[PDB]
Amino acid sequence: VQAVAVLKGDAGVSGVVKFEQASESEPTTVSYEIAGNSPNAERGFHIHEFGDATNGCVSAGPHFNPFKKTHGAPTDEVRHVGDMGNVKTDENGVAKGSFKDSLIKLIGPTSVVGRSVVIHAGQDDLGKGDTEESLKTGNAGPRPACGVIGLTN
């Protein structure tokens, strides 16, 4: 199964995020190409609960957290399903790469199809900051771009 999200916003940030999972027990491969970010930085990358674009990126809601855990790093045992950490931007402000993830799924009760992908304006503290907010959002900041995850061929 394949899915894709086109990140759009009004801050000059945009990109494409592709998802791919063969079966439900298999990990999902996430590939992304995002431009318009600050050069040479880390930017929070997450899947938010709602694929609602009526109110910009705001209506996407909180991080997809069906298991009611606190915010963390993709590699943490305790993290939100939608926690993809930080993406690295080069000197031209382009973030590009891919990775596999076992919590994010395109099949089953926790499918992210129809939900949102959000790129933040700030760095994700991975739930290590000493603030209550660290545990919810990772203090990643504003959401310059987002896209609803849709099915593709």
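Don't overthink the numbering: it's just position in the shown sequence, from 1.
- Per the PDB record, of the two stretches 105-113 and 122-130, 122-130 carries the greater mean B-factor over its C-alpha atoms.
- Look at the C-alpha B-factors of 45-53 and of 66-74. On average they run higher in 66-74.
- When all modelled residues of the chain are sorted by CA temperature factor, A140 is found within the middle third.
- The PDB entry assigns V13 a C-alpha temperature factor belonging to the middle third of its chain's modelled residues.
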